[PDB]
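This text opens with one protein chain seen in two forms, each one given by itself as C-alpha cells under the names structure 1 and structure 2.
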Structure 1
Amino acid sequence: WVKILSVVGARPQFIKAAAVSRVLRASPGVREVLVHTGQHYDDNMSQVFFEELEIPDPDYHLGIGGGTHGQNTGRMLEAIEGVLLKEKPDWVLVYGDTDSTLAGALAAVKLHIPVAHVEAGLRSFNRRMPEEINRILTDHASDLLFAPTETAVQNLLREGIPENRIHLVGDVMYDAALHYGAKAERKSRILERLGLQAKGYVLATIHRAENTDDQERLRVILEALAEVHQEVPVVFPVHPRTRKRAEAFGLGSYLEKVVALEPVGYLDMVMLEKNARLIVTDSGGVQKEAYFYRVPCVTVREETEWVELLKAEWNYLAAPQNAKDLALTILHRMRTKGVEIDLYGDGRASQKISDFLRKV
C-alpha cells in the first residue's frame, strides 16, 4: 500500500482535497491521511465543507493561524514536519498557494518525501503578491506538478521545470462541481430562504487583500454593488475579513443595501452560482465556477491567472477605479456569454492524479 498525506489550510483547499480524496478512498492500496493546518477553523469556513463534501475528519488539526507570514509559516513548517515524522507518508499533496501550501512542501522535501502540487504553475507575474511567491516556491520544490491549464504548463516549462514532472490533468475543482452538483440540488434551499428567482439576481464574492485593505477600492466595489442592486438584486456572501474591513472604514451601510450574507456552505454556493444571472468576484475558484455553469463573470482585479476565461469571453476584468464604471460594466456583462469551449478537463482530474501517484 501507499500512504498519501494531504495538507489543507483553507476553504478552497478543502474543496480541492474533497475531489481528490473521493478518488483515493476508492483506490485499492492507498491510505489517506489529512492534516488541517488551522488557517480556516470555523463552522462556515471549515466544518461545513467537511460535512457537506463527505471529507473524513482530519487525522490532525494543527490549530495555527492569525499571525504574520513568518509566524504562521514557521509554526506550520515545524508542526507539519512533526506529523510527517510520525506518519511517514509516501506522498505529500499540497494544494493551491497559501502559506500552508508552502509550509507543507518545505516540511516534506527536507524529509525526502515526494511532494505533488495540486493546481501547479498559475502565475500573476506580480512578485509582490504573497501567493505568487508561494506557488513559485512550491512548484520548484515539488516532484510532480498537476497543472490545470496549458498556460500553467507553459509557465512551469518557462522556469526550467522538466516536462516529465508536469502533467496537464485539468482542475479538481471542476471534478468537485460535477460530483457534488446533484447533492446541491437535493439539499440546498437557499433560493427559497432568500426569496430569489432563478436567474433573478447577481452573485458577488470579494476577499482579496488588494480589494479589502485599500479603502478606496473597497468603497468603489461596495458602492458599485449597491448601484447594481437597484437594477437587479445582488446576493453577497461576505468573507469575514471583507466584512471587518468594510466595518472598519465606515462602509458597513453598503452591505445593508444588498442581500449580504454570512459565508455559505459549498452546496448553497453551487445553487447560488448556478442560478445567478452574473457572478462578480475576485475568487479564483468562483470565476472558474461561473464558467462551469455558463454564467458570465466579472473579475474585480487588474489580472487573473485563469487567462483562458478572458480569452473565451466568459470572464472580464474590471479593476475597481470608479463605482459607476464598475456598476455599468457589471450590468453590461450580464447579457453576454463566452464561446463554446471545454476547459479544465473531463471531471476526472482526480483519477488522473491518483494514477500518476501510483506510476511515479
Structure 2
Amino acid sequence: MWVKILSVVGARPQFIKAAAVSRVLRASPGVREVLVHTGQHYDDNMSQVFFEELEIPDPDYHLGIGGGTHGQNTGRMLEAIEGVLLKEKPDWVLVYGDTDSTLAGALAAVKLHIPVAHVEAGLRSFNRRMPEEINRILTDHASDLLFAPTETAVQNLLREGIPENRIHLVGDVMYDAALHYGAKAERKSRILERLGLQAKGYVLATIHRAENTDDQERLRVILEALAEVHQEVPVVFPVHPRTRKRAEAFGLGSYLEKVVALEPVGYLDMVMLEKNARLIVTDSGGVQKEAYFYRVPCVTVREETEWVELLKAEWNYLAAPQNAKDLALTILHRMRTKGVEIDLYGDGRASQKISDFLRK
C-alpha cells in the first residue's frame, strides 16, 4: 500500500527477531511485509512447533540454499536474494544478526541502491577467524542504518568511522521476544506440573559446547558437580542429544540418574524452565542472555564467555570445569546471588524503536 519492508532471515534467531519486529509493523496499515527465508522450504532445523509456538510468520519466499561451504552458500544467497529484491522492489531491506545470510542480504541490497538496515549492529569479538565477525563487520559497513543493541556496539561502529547519524541505539530485540514468550509460557507451559517442581525451586543446566563435551575429565567435573548440587537442589538437565552420546561414551551415564535428566524440551517449556529456575548453569551464549533477561543468576561453565558485561553486572559468573568440588560450591554460592538492577539490552521495545525509525 504505502511502504514495503522486506526481511531476510536464514537462522532461527533471525526468524525470532523478524517476528518481534513484525508484531509492531503489522499494526500500522500500509506497511506491506515480505519475508525471505534463504534456506530450504521445509528445513528440519525448524518444526511445526517452532512456527506455531513462537508465532513465526510463513515466509513469502524460500530460496532453498544451505549445506555448502561459506562460498557456495553465500554466493548463491547473494544471487538469489538479489533476484527477490529486483522482483519485490522493497523500500527497506532488514537483515539480522551475523550469518552468511545477513551478509548476502546486505551486499545484494546495497549494490541495488535499496536501503539496508542491520538489526543487531556493531557487535565485535575482535577475532576475524569467526565467520560471524567478518559477517557483522561487512554487514555494518554496507548498511544505511545500524540498529545497535548496546552502547559498546555504538562505540564499536564509531571507532570504525561510521557516521553517528546512521547509528541508533535501540536495544536487543531478543529481549522483546524473551518478554513476549515469557508471558506466553506463564499462560500455557505446564512443564512444572509434569515434572512436579516449584518455581524458584530448581537449578537448570544446559551443556552443549565442544570445549566441555569432548574432553572426558571436563564432562566428569561438570556432571560430578551437578550430581552433588542435586543433593541440595533439584537439578534439571535438558541434554543436547550430542552431549548425551559423548557421556554414554565415557560410560558417565550414571551421573545422570541423580539429576532429573530430560530429553530436549519444547521451546515454551524451556522458557518456563529458564524463567522459573533459581539458577541456570550453561555454556550456551544464548542461554546466558536469556538468564539475564528473566533475572535469573547464571554460572558459565566455559573458561571464557563472550558477554563480559553480564559478568561485570554480576548476573553471570565464570567457573571453569577444573574439579567437581570447586565447581559445585561456586554453583551453590551463585544460586543465592543477584546482579545489579541495570538494563543492559534496552527496555524490551527495541522493535518499537526500530519500527519508528523506518516508517519515518
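FYI, numbering is relative to structure 1, first residue = 1. What we label the rigid core is the largest C-alpha set whose atoms superpose within 1.5 Å from one form to the other.
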Which one of 69, 61, 31, 332 is the only residue whose C-alpha moves by 2 Å or more between the two structures, after superposing on the core?
-> 332
Interdomain rotation angle between the two structures - two rigid parts, degrees | 19
Give me the C-alpha shift of residue 186 between the two structures, core superposed, in Å.
-> 2.6
Cα displacement of residue 317 between the two structures, once the rigid core is superposed (Å) | 4.3
To one decimal place, what C-alpha displacement in Å is found for residue 148 between the two structures with the rigid core superposed?
-> 0.3
